[PDB]
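Structure assessment
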Amino acid sequence: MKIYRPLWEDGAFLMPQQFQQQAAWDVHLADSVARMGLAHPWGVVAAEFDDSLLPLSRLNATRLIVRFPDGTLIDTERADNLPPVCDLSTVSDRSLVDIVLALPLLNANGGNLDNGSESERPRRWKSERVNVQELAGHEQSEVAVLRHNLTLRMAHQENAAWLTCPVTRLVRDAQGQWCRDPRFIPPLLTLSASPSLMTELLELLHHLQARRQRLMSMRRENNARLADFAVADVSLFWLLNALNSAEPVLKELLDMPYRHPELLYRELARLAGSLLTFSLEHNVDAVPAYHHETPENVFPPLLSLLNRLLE
Amino acid sequence: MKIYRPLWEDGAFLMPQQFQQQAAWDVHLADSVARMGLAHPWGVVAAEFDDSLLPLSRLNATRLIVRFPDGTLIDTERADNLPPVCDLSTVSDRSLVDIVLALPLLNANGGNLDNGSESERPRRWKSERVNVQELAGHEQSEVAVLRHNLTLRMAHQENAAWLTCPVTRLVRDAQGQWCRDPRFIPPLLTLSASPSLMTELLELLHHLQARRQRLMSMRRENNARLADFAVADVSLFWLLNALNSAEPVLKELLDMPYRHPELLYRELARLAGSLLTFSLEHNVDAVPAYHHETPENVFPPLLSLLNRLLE
Amino acid sequence: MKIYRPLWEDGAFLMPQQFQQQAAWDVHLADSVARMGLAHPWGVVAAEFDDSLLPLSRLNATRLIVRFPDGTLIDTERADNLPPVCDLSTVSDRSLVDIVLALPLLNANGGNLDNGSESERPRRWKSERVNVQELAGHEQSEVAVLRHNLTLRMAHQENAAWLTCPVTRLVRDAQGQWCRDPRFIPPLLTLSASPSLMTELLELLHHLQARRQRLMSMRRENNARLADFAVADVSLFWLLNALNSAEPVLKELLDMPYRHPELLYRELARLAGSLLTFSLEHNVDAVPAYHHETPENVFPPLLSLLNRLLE
Amino acid sequence: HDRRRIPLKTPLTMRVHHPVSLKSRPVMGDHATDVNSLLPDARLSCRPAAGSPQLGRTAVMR
């Protein structure tokens, strides 16, 4: 699927595949702007759900901000509307249920709009009679507006002509009523999209500063006696090096928690390599490789490793 | 503000709101592609004023390239209109005065301007007729264009439906004469907007290499055949290990000062943290290298700290 | 230069000067986003040739994706063409032959190329007609698009065209066989544009891991000597805290070969600068600066420094 | 076929209309299209012209 810059003549014929091949170039420009420091297929900001219907087998999404691997921003406060209600009575199981958010694959060669009742999947909806007030002072009017054709899926079906971006995970409680898993991390894009990770990092920081303060209290003002410095104080400066040269970066990153996770990984995996030489009798590289859209295998292994190695 | 997106098909037809929303959508993507330019908010890259108009108690701008928090970028060398004269002849009390660059808030039901004498709410979007050279051709036809409504206001008046960003202070010299403040780092910085800091960063970088050659030369008699431990021959090598891994990086953050200063926070803070442990008997901890609207309390205390702590 | 964003309201004729200016403003926004981080005259992305014709001295380009120091994205997948090089033995030497990409300068009045009106200033636009459909429907029609003008001049002819970007370096073998040497490096937006930095990074990481595991095995002899340190154990702790904090960042920055090379260079500078002090009886403190115009003056000397200092 | 030009349409119609507008085929700029010697010189009243051209008067060479 190539993109053609249309040519604006004068005294010619206008056709809508000048407008469309104009509009689809700027998104491809912003993709290559974004891919110059960051290097992953991006994910979820701020998913929120409803829980009232959960005694029955019914869900209801409320607010989504989702970005797919082709630079397609899905917003529900401004751009789009809410995807409809999925029905969960088609699963009798009590085991893991993973709800992914799915978008139809973009067309190749003709026919992509949700008028026409023949059973084909790749569609983008059309909403009409939307009264839009112009920003000149005049009245409103009925326009046509593009709506994406979103829906929720089950991730154990066959997803071959859709896109996959995981959202939530359900485990049935022991009394039969459905409850949401408190430990599930979608592929992140901003750290304020999953609060339990923020809870664990806030606990990490106050875990850290008291380990710093006991070591600062174990330093008298007599820095002269080498004999009492050669045994009980000959590794304390090695440890204060690591705890002093990685705190203000980490505090900076958790002041305003609005950034991509690669920055945070590039600090935690820097501190964990420095605090591994002190107790280097265990495995030489247990630090997990960040290659993931699945952060459950990533960040609770690092926080458990640092919570051990501060000892 | 419900930024819609239009739909161009074979029956869709031409409206102004077809184009206005498509204009707003790619403005809105420019914030979503910033994961550090959302960390610190929107900034200021150039602001230059005149002093000869001050004995007449006038004030006039020359160059203003300011990012505003809504995503709107202002540039008086690529847009054209400059803000008019700021009449100072209402301030009797000769204390200090701050100056902000206003911009009226977007009414989502009003609009542009027609002749100004219509309402009591100040409005953006002033019109203009400019002879435009058509590219790829030989025409020069008149196209109505867009130029924003910018006024210079004081930061103490009855704030109203307008955004702000400060540009300068006004101290009062003892001759009854206004002048400009020499210490005021302009708020919401983007590095090269204030030339005074760049000089002090140059002096700091040279002052590091002033100490480093002495610390290098004092070791050159040791023949690289050490004892197992000595009382200073471990405290000698920390001041080399804390400079020889922050000199060639801080060198490269200073040759090209066209870069966000948040990357400079994190590279001075590590150098400060690696030297607080090197000499402390006073419980003195580092200044917080957080972005703010007031960078007067981030960089000048850090520059006071680093000259002292290196020696 | 001047950029004139149009006003949109219910009066204006549908004049072509609106769309060219409105599309020109979005490139300026998308470049001011990209200058929040990096600082660069843009580099190549992919450049791959065909060594079949080379016994007949004709060179062709299968795929090229570059950028240009004004911010103009060139792809040879969409918006493509390229003429071959006619002769090569017009130069009678091998070491001087190198090929560049050229996109002629901007004429601020005229424009595209529609006839044989060959001036002293070339053009850089064209026209073309191709078959385009995307919309709601299945019918394809034909509309006229805008394609760039590229050519492969050599390094030493002239510079009234653009070039400023080398792509290869042709040298002969003694049997009259022009062939590309591996030691050539264009200015790089991404890694893996040059296929032979990546092998000489993988050998770096392989030799780093062995000289970490060697001293970790010595440390497993030194677990009998934890509280019994010597000069070997103290300098071993220095060297081990050099290596362990900087391996896991490098295993990240060799499995994402899609990033800007500034991030690789900033960490390799720290890894080089940490280990200077141990053989500054053999060397000096000269570390190569960063130079985004010929990167082959930077990276192989630093990578040959490191394999000497780790041994 | 002959590449004709003007006939200038009396409303310009490419005012981008807010209340009522239509697209499907009729879109343009301001001028459409419609696909479907030995001669003397500047003497008096009436026979100067060879109609629209005027040549055959300064080949003094070859």
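The deposited coordinates, according to the entry record, derive from cryo-EM at 4.3 Å resolution.

Focus: the overall build of chain D
A count of helical and extended segments in chain D gives zero helices and zero strands. Sorting the 62 residues of chain D into buried and exposed places 13% on the buried side. About 5,700 Å² of surface is accessible on chain D, with carbon and sulfur atoms providing 58% of the total.

Some remarks on the pairing of strand 6 (residues 142–148) of chain A
Residues and elements named next belong to chain A. Where burial is concerned, most of strand 6 is hidden: five out of the seven residues are buried. With seven bridges connecting them, strand 5 (residues 124–131) and strand 6 associate as antiparallel partners. Considered in strand 6, the bridge of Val130 is made with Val143.

Here we look at the pairing of strand 9 (residues 166–173) of chain B
Residues and elements named next belong to chain B. Looking at chain direction, strand 4 (residues 97–104) and strand 9 are connected through four bridges and run antiparallel. Within strand 9, the position partnered with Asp98 by the bridge is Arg169. Sheet topology note: the strand 9/strand 10 (residues 177–179) ladder contains three bridges and is antiparallel. Paired with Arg172 across the bridge in strand 10 is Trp178. In this antiparallel pair of consecutive strands, strand 9 and strand 10, the connection spans three residues, and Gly176 shows a positive phi of 70 degrees.

Here's the deal with the sheet that holds strand 3 (residues 73–75) of chain A
Pairing between the strands of a sheet comes from backbone hydrogen bonds, and it takes one of two forms, parallel or antiparallel. All names here are of chain A. Spatially, 1-2-3 is the arrangement adopted by the three strands of the open sheet, whose pairing is antiparallel. Each edge of the open sheet is held by one strand with a lone partner, namely strand 1 (44–49) and strand 3. When the angles between neighbouring strand axes are averaged without regard to direction, this sheet yields 15 degrees. Relative to strand 3, strand 2 (residues 61–67) runs antiparallel, the two being bridged by three bridges. The partner of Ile65 across the bridge, within strand 3, is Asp75.

A closer look at the relation of the copies chain A and chain B
For the pair chain A and chain B, the superposition axis carries a translation of 0.2 Å, the fit reaches an RMSD of 1.9 Å, and the rotation angle comes to 119 degrees. Viewed as a symmetry operation, the transformation between the two copies matches a three-fold axis. Taking C-alpha positions as reference, the residue of chain A nearest the rotation axis is A:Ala30, located at 4.0 Å. With a heterologous cut-off of 20% or less, the 19% of interface residues of chain A that recur at the interface of chain B puts this contact in the heterologous class.

Quick look at the sheet that holds strand 3 (residues 74–75) of chain C
Residue and element names in this part refer to chain C. Within the open sheet, the three strands sit side by side as 1-2-3. Their pairing is antiparallel. Each of the sheet's edge strands pairs with one partner strand only, and the pair in question is strand 1 (44–49) and strand 3. Bridge analysis of strand 2 (residues 61–66) against strand 3 gives two bridges, and the strand direction is antiparallel. Bridging across to strand 3, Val66 finds its partner in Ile74.

Some points on the interface of chain A and chain B
Opposite the 54 residues of chain A that make contact, chain B presents 52 residues. Counting each side, the surface lost to burial between chain A and chain B is near 5,100 Å², with a carbon and sulfur contribution of 61%. Sorting the residues of chain A by area buried against chain B places A:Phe19, A:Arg78 and A:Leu135 first, and these three jointly supply 14% of that buried surface. Remark: the boundary between chain A and chain B carries three salt bridges. Put simply, chain A and chain B have eight residue pairs in polar contact between them. Mapped onto the side of chain A that touches chain B, the elements with two or more residues apiece are helix 1 (16–34), strand 5, strand 6, helix 2 (195–217), helix 3 (236–244), helix 4 (247–255) and helix 5 (261–274) of chain A. Counting residues per element, the side of chain A that touches chain B draws most heavily on strand 6 of chain A, at six residues.

Details of the pattern of salt bridges
Residue and element names in this part refer to chain A. Counting across every chain of the model gives 41 salt bridges over all chains. For the salt bridge of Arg169 with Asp98, the shortest nitrogen-to-oxygen distance reads 3.4 Å. Placement of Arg169 in strand 8 (residues 165–172) and of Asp98 in strand 4 (residues 97–102) is noted, with a sequence separation of 71 residues between them. On the basis of relative accessible area, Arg169 is assigned to the partly exposed category, the value being 23%.

Focus on helix 4 of chain A
Regarding helix 4 of chain A, the residues found buried are A:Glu247, A:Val249, A:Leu250, A:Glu252, A:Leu253 and A:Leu254. On the buried face of helix 4 of chain A, the contacting elements are helix 2, helix 3 and helix 5 of chain A together with helix 5 (262–276) of chain B.

A short note on the interface of chain C and chain A
Residue-level contacts link 63 residues of chain C with 62 residues of chain A. Buried surface at the junction of chain C and chain A, summed over both partners, amounts to about 5,400 Å²; 59% is from carbon and sulfur atoms. Here chain C is connected to chain A by four salt bridges. In this structure, the salt-bridge partner of A:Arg270 is C:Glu267, at a minimum N-O distance of 2.9 Å. Linking chain C with chain A are 17 residue pairs in polar contact, by the criterion used here. If you list the elements that add at least two residues to the side of chain C that touches chain A, you get helix 1 (17–34), strand 4 (128–132), strand 5 (141–145), helix 2 (195–221), helix 3 (231–243), helix 4 (247–250) and helix 5 (262–274) of chain C. By residue number, the principal contributor to the side of chain C that touches chain A is helix 1 of chain C, which donates eight residues.

Cut-offs used in this document
- Residues numbered from 1 in each chain as written, not as in the entry; some residues may be left out.
- Chains lettered and ligands numbered in written order.
- Part of a larger assembly, values for the part shown.
- Heavy atoms only, no water.
- Residues with missing side-chain atoms left out of burial classes, pairs and counts.
- Helix = DSSP H or I, 4+ residues; strand = E, 2+ residues; numbered from the N terminus.
- Buried < 20%, exposed > 50% of the residue type's maximum accessible area, 1.4 Å probe, protein only.
- Areas by Shrake-Rupley, 256 points an atom, 1.4 Å probe, with all protein chains shown as cover.
- Pairing = 2+ DSSP bridges.
- Axes fitted to C-alpha atoms, helices over the stretch in contact; angles between N-to-C directions.
- Least-squares fit on C-alpha atoms.
- Contact = heavy atoms within 4.5 Å.
- Buried area = accessible area lost by both parts, 1.4 Å probe.
- Salt bridge = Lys/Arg side-chain N within 4 Å of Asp/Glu carboxyl O.
- Polar contact = N/O pair within 3.5 Å; in protein donor to acceptor, adjacent residues only side chain to side chain.

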